[PDB]
There are 4 protein chains.
Amino acid sequence: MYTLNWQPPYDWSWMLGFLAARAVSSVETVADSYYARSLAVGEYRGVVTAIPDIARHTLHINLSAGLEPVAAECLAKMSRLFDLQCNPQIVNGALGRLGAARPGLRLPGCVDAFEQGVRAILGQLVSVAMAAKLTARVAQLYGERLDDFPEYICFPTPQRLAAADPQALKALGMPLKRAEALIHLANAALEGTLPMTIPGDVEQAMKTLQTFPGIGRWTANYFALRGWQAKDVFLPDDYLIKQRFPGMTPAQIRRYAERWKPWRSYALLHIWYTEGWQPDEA
Amino acid sequence: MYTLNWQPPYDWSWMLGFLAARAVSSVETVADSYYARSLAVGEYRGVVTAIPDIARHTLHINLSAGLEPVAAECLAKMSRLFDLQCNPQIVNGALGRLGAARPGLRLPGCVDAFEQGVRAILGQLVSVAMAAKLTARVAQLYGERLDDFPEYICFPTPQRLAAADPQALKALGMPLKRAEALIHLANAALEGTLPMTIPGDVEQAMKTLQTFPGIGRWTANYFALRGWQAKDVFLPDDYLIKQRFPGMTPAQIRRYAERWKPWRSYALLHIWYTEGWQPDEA
Amino acid sequence: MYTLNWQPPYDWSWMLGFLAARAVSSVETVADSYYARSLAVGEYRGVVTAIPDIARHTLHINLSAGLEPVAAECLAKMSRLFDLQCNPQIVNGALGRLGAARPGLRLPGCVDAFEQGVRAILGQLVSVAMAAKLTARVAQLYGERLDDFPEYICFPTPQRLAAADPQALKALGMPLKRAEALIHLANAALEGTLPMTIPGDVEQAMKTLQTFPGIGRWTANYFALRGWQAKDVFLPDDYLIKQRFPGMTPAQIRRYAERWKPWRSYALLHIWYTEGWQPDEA
Amino acid sequence: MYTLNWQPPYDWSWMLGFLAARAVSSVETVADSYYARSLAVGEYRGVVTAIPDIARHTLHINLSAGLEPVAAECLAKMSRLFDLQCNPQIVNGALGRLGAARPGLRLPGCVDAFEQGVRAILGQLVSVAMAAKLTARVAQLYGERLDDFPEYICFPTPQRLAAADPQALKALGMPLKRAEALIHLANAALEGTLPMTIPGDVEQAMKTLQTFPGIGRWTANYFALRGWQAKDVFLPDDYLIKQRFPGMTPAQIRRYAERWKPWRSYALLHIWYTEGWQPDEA
DNA sequence: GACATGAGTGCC
DNA sequence: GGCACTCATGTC
DNA sequence: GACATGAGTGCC
DNA sequence: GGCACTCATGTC
């Protein structure tokens, strides 16, 4: 129905694959030709279905009737998720070699900063698949089902999680500390203390974000990258990243990563997805 | 040339009129058949043109090339400005008689919360036409002019007003306290402390805004109403509102206004634009 | 055994009467010729007996063997409780008539600031008789018993009340808010946040006390007078004071009291203890 | 005139030796047979003289006429400075061989915590002798000279040192951060933020003190030890203490000192004054 | 991965 | 001897 | 209109 | 009494 453009190239298989690995049961549905999920914008609810059209370098978006009143916001959330703004020529011509292998690489964003904040926290320590597992159990117990689409369920809202028993969340398979971190976040979201859109001084905001209980530098960085689509942040503390920069310390990986400014987020993504990458033999 | 839907009725004449009186020179251009303005989204900039289609209950939006990359967010911004999500038969079915004369009334939003905050501040005590001219001088001194469209100029940014000399701003025609309110607000915007979207707990947020230097209850209420498009806030501290409820104190006005919950913001717009309105013997 | 002198005249009948009405069962014993109570200074504990010898305008202090290693401290605490430093000629001189019916009037201090802090809070609203009873219940539940004096009990320490159960104190006959006030005061004392000695800036210090939950302006003023023995503070908010200045508001009474500077604490006492008194309708 | 008791043994040579080395000209006089200094308690001023009487295990205190009204507090101030409360059998019973060589060792305290705070700060990174002269300069420049004893100057009040020009202090011979630290400490004293008496939770109160400018973990410790006479604190960050524990790191010394709880302050003093001392090679 | 604790390494 | 900026530990 | 004071009112 | 809320009132 609705239609948005993008600038070639765009590696849709890479993106869909990336979302699929983290997809949450009952919330999202990922296939090789499309993406679909529940979506809440205020008291408006429905299902969004994104269908890319390669030959035409366009993305078709369909909305169930309940989301029509806020169509444009849905579109906006979709374009942030898919990084439709990216000019690959600018980024690739900057990252050089590092990106030459997957020039269609895009930054997977989010459809809602609060959700991403919940995802990031639950992604602490565990495996990607284990976080999706955990996130799935949290959505199941605290999310709302769509009257029109029972197979689907909306991600738990800020109020619902703000009013959850720490013990209950703990029972889903996470420390008490993690559950407290989640509740705190829902409140920050209710009060407007969790920036929902990318802030002008990402560095400063990430510092404030770290004063949140349960949110360390990794979570704040990862949340900035995904939740805000901050394009120039690296994850020198990441598990896989330490495994790509053998024997290097956080401030080293960090100083190194500086050569990719101001597209460190994209460089980070390429490294994660470059099977045998290793720092330059310099 | 995009397109967005709206439900009838929609009083465009009234809306464009409300925007026209507050139109800021070089930033916005208002006519009886279209609205247009400079628009910045991150580092992307251009000019938006909104043409209403009464024939097909549609709103045609056109963007210059420099904004096309972030097209979706632009459409979202225009939909919040024009209140396209509104179901008038629901609001008026609730407001009753108060809304029967102007059922097409809509809540004039903003295209960016930061800008709206600045306008709210530069609108204190002075006249509407004055705030407009005053605000234009600020946009004149701190705005980013568009290369693609020299005639237009982007609204100041938080980083540009945060680094502004108090005295300089004051010399444009405002007390020093107000120049300082603008500087503080820009800072808050920079670090993510200023909610850019409607928060879950609208008054907890408004209470927090009242700690900001230069922001009292009237400014908070007004900011929430237009900046967040909060649908259930009333302005019992408003000059004109006090005149509409002869000899009534803020609390009495607020008590009375409860009859229009959960659509007090619409009630407010109807009462503001209904000369000679007066409360019942209730 | 030990002896401390004073400057005549000293109204011991008034001093003992005042202390006698506020005495806490098992903690203090007040008779016509002597005062005695439990006393803890660190881990040193015992009983203190003070016998005033009018003839030789001296004060005889006896100390249980347990307090002997900290004799001086006990002596200084007795001198602060009895305002032995007072020069009646200077106060009665700077006060004129107001302080002529009882020039022996002394400011009753305290033996420990935290204790006075607790008394001040528990002395809120209820009558003096109820405050003493209420306080007696608190001492009875959290106090320390003296092995050599089974009849006496040490006033509760900050370490016990800080650990106290809010509900336990509430059960003694006080609002939950007042018990929480006590718990917080005890935590402040443990942390070194409660000034145990008169600060140089009493006004600033009191303003800081008022940020303590359960502590308003009255409690802070009363605590300064008794707890720090600050000599220049008035209780414009006091109940009995309001009756002493009919028709006048806290600020009027306060403007009036400026005439007795810098001995307002004393004036406050005289006016307090003069049923007939009334202001000069200037 | 006045007499205070102490339990033997008491190494007076050592004590007077410790105070004489740190004596401030115009403030205190220290001789073989006595100790003397200016003293201010409110608006009462004068000279205090302490003379130990070894024959009867007592200390004689003489107060100049100006301090009689507050004699008891003066007596208490002397008891805290000379650690009269100490029971050497308990301490020495616990310390074992560590204090067998000097069973009369006492903890040199102070007569005022503010003053002690200033001395702690002025003695940072300098020699005992320099600190004394440095301090003396400060005293002379901001003190209150006694009319009855011309050569005696009262130590600078908090009010006087708060309003001191941050440069005049630099002049005397201290860094810029050094003088700001003094001016800060002084305001705290005025507002009641600097505990004047030992808090129930020393570790906590010390943490808070460390948030003070110019006050680090070393000064906070030394301050607790002398200004509050806390008996169980150690100084692993002390230069001399480092030399006494060859190699070992701050945390290791600390863990070793634990063997002397709850008298680490005494353990500390013994180690300071036992030259070829070295830990057990165990 | 979050978080409080702990070793160090130059400049005031 | 304060004080800011890293890494190494060691439960949860 | 933001914002100190000040004084009322009513519910802990 | 504490305290949050409410209604002048005077200033910038």
Side-chain angles (χ1 to χ4, degrees), chain A residues 120-126 174-178 180-181 210 212-222 235 237-239 249-252 254, chain B residues 120-121 123-126 175-178 180-181 210 212-220 222 235-239 249-252 254, chain C residues 120-126 175-178 180-181 210 212-220 222 236-239 248-252 254, chain D residues 120-121 123-126 174-178 180-181 210 212-222 235-239 242 248-252 254-255:
Chain A
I121 289 172
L122 295 177
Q124 282 165 183
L125 210 57
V126 303
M174 61 176 101
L176 181 68
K177 290 295 187 175
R178 205 92 71 200
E180 275 163 40
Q210 293 187 56
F212 279 44
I215 299 182
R217 188 172 53 177
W218 178 78
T219 305
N221 284 179
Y222 186 57
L235 268 40
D237 293 302
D238 190 70
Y239 180 64
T249 64
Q252 296 184 296
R254 174 157 295 182
Chain B
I121 286 165
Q124 290 161 165
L125 210 50
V126 306
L176 180 72
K177 292 286 188 178
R178 200 125 63 201
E180 305 184 322
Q210 294 184 56
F212 285 36
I215 304 183
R217 191 167 51 192
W218 183 91
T219 308
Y222 190 67
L235 273 53
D237 302 297
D238 188 71
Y239 187 62
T249 61
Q252 295 176 298
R254 170 167 299 173
Chain C
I121 289 167
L122 287 181
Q124 297 169 176
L125 192 63
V126 310
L176 178 69
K177 69 201 185 71
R178 192 114 62 217
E180 288 173 351
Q210 285 176 65
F212 284 36
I215 294 173
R217 186 164 65 200
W218 180 83
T219 306
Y222 186 65
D237 299 295
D238 193 71
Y239 185 61
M248 285 186 269
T249 52
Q252 300 184 294
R254 203 200 84 240
Chain D
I121 291 177
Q124 309 180 189
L125 203 60
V126 293
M174 64 182 114
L176 195 49
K177 281 195 172 183
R178 186 79 65 195
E180 310 192 309
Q210 295 184 58
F212 275 54
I215 292 185
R217 181 168 56 168
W218 183 85
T219 298
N221 283 180
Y222 187 58
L235 280 63
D237 303 296
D238 180 82
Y239 179 52
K242 292 184 181 303
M248 298 168 101
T249 50
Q252 290 188 296
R254 197 160 184 57
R255 188 98 52 54

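No hydrogens, no waters, no symmetry mates; every other heavy atom, side chains included, goes into these values. Quick note on labels: first sequence line is chain A, next is B, and so on, each numbered from 1.
No canonical Watson-Crick or G-U wobble pair links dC11(E) to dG2(H) with each of its two hydrogen-bond distances shorter than 3.5 Å. No Watson-Crick or G-U wobble pair links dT9(E) with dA4(H) with both defining distances under 3.5 Å. If you check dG1(E) against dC12(F), you find a Watson-Crick or G-U wobble pair, both contacts below 3.5 Å. In this structure, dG10(E) forms a base pair with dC3(F), meeting the Watson-Crick or G-U wobble definition at 3.5 Å. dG1(F) and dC12(E) make a Watson-Crick or G-U wobble pair, with both donor-acceptor distances under 3.5 Å. Between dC7(H) and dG6(E) there is no base pair of the Watson-Crick or G-U wobble kind with both of its two distances under 3.5 Å. In this structure, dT9(H) forms no base pair with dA4(E) under the Watson-Crick or G-U wobble definition at 3.5 Å. Geometry at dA7(E) and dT6(F) meets the Watson-Crick or G-U wobble definition, both required distances lying under 3.5 Å.
Distance, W218(B) CH2 to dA2(G) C1': 12 Å, rounded to whole Å. Rounded to whole angstrom, the span from the CE atom of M174(A) across to the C1' atom of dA2(E) amounts to 15 Å. Look at CG on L125(B): it is 9 Å from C1' on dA2(G), rounded to the nearest Å. One can place CD1 of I215(B) at 12 Å from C1' of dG1(G), the figure rounded to the nearest angstrom. Atom CE in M248(C) sits roughly 16 Å away from atom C1' in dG6(G) (whole-Å rounding). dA7(E) atom P lies 9 Å from atom CZ of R255(D), rounded to whole Å.
Within the 4.0 Å cut-off from OP1 or OP2 of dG2(H), at least one side-chain nitrogen or oxygen of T219(C) is found. Using a 4.0 Å cut-off, some side-chain N or O of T249(B) falls inside it from OP1 or OP2 of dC7(H).
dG1(F): glycosidic angle within 90° of 0, hence syn.
Relative to the side chain of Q124(A), the nucleotides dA7(G), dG1(G), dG1(E) differ in distance, and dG1(E) lies closest. Here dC3(H) is the nucleotide among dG6(G), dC3(F), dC3(H) with the atom lying nearest to any side-chain atom of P213(C).
Considering only heavy atoms from C-beta on, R217(D) comes within 4.5 Å of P250(D) through its side chain.
In this structure, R217(D) reaches the sugar-phosphate backbone alone: every heavy-atom distance under 4.0 Å involves primed, P, OP1 or OP2 atoms, never a base.
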